[PDB]
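Next come structure tokens for two forms of one protein chain, structure 1 first, structure 2 second.
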Structure 1
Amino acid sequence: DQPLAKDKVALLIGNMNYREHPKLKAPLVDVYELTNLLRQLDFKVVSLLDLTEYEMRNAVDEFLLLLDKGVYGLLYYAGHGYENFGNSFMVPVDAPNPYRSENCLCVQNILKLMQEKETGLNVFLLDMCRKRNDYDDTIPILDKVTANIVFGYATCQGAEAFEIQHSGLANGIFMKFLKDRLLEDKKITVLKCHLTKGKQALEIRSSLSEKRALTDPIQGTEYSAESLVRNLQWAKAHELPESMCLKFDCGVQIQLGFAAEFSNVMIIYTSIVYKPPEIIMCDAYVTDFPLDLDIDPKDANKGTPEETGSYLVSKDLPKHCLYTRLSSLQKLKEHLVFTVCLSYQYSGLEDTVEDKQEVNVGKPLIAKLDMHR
């Protein structure tokens, strides 16, 4: 018969800003573009950048809690990894140098937890940068039947070769794999990666009792409290604050708008939307962000979103603003309180008047979970 999904859930993790290890760049683009693909296939997606051990374990555990009988679950990791005695590990951004298994999340344990579910399809995809000389070890096989599983594991030896092979947009190995191997053609309307130098590997392994695809329909409910819970739990972790018109005392109106780039990355943007006739010149800027978010002012207040480090290009956002990228939202302890400043001059005068308003926007996106240490 036709295979159906009970639900479609996905978790995508991209680690880049490593403290004790060389920084990567590729994950950002590949997480974003895979998120966009899966979203069009009717997955609810969580997409997280730059996670610590604690954050990664909470994220993966709560993903595994969503896997139940019939559920289609996809997990993706990109960033540094390591291998020891058949066991592979995903390295968080706070990991010490050298790597230790206590600090890292083990791949095989996640694989064993996923196959202990009666899911309709498990997909686990790893796009690891390895250390240069970290090849696969000599092992016995000591310790994949009824579970439907697709396991994909890509490696490049060294950050150089990793970033080289991942150069380009749209060209992710697993995005290509999913589009070619896991999508049935006419069921959906969806909107070269040359082999580069160095040492690389790809392994793909599958065990399926019947044909399964990411395009398989969700078994739809009209009156399920479980469907409601599932949808609402995800959706309330993805609320943006509404656009604000900030009216200053002198009559200047600044509009403040918001965009989601990841579940833990929000773009904010400002524009003047009314200047009164008394005032000849004005400008506005944002400052005073919570220290937990770690905002560098040099990546704030920029006149294109591209300059903040965003994926979002000048076509994707309202034009003619100053843009600021607020990453690390999972670290927010209290409320995202910040300050919008206005500088203005009265008609004909050299005198610049400064003014400011404090904005509270609550706990946007994944910050709503309030799950910090």
Structure 2
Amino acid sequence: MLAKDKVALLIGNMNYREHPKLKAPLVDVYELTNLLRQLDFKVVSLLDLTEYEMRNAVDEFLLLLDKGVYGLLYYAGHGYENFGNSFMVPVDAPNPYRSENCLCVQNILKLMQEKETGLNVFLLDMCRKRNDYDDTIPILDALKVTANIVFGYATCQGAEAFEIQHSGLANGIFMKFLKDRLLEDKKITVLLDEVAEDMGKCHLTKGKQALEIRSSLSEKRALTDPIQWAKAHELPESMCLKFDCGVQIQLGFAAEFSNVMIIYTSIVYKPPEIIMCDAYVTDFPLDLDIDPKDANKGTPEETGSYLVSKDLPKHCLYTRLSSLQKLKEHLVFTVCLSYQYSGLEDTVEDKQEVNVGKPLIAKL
């Protein structure tokens, strides 16, 4: 079977304002993103989205879909299920909340079918208990019979999906088993059936979490099928800032998610006549809500990044810019330089505005 293209939106919600926070969606999304890229998917991965941002992202996803295109949605975070409809809960959901604060997966499915996709895959890594406060009874149009729909639910209706408390960089339970099967060259239904059996050996979750598979896929389609973001993943180029005093500072940028970028700085040149100099970043747009106590750390790990010292240049200072989708205007920040001349006593301070526009998903 052939795909016209293969596109995936992955969303991982953790930083809930009014509900228990989660931890593993970060690692689950990161790792599924890379696995899907190995299978030649165009992937948008996003963390910590509000209701408005989740709908925007689905709208963007749906734009990428067309006839014959494989579309895959993965969601890791709080969810629930009422009356056969699954809902994804955004990080700004009130408590209590209801269906109007959430995205109904069946609505997304209907919209994808209208693009005449060749395959629709939903992997829902979320709880599926009822929401007693949500007594809306909205019957959607009967979906068309396109015989190309596959759901892999991390858990069964009325049950919870889990991740391991206090477990560092461990996956949630679903991704823990999915990750070791995703690359198999097998019909997606068969692949998921295998994951279900792997999970049936997980002692921790037996009797509480089991995969549910729902499928009407009547062709042997797989995530590996041959294909026969553009403005969504633009990264500013590395730049070399030369200050008046001769010091030069390298500024580099790394994508961690489509809405999380790491900036890092290092001294690449210090004139002989200057004895000491430090460079740091500051004055980021208020929208990104960067806390300066969290910036200019000696290690990526200290910024709360999934990235470790070995995936990035060494001996820099790193700053994590999450929530890039909130960036309304241009990403303008300041590179400050402190230095001192041999023979002098005064610490001199220079600064320089830098403007890299709207990176990654901020680009809209």
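C-alpha atoms forming the largest set that superposes within 1.5 Å between two forms make up the rigid core. Residue positions are counted from 1 along structure 1's sequence.
The residue among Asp283, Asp94, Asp292, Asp134 whose Cα moves by 2 angstroms or more between structures 1 and 2, once the core is superposed, is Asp134. Relative to the superposed core, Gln255 undergoes a Cα shift smaller than 2 Å between structures 1 and 2. Core-superposed comparison between structures 1 and 2: the C-alpha position of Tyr274 differs by less than 2 Å.
Core-superposed comparison between structures 1 and 2: the CA of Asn264 stays below a 2 Å shift. Comparing between structures 1 and 2 on a rigid core frame, one finds that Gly172 has its C-alpha moved by 5.4 Å.
For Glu203, the displacement of the CA atom between structures 1 and 2, after superposition on the rigid core, amounts to 1.3 Å. A C-alpha shift of 2.7 Å is found for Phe85 between structures 1 and 2, based on superposition of the rigid core.
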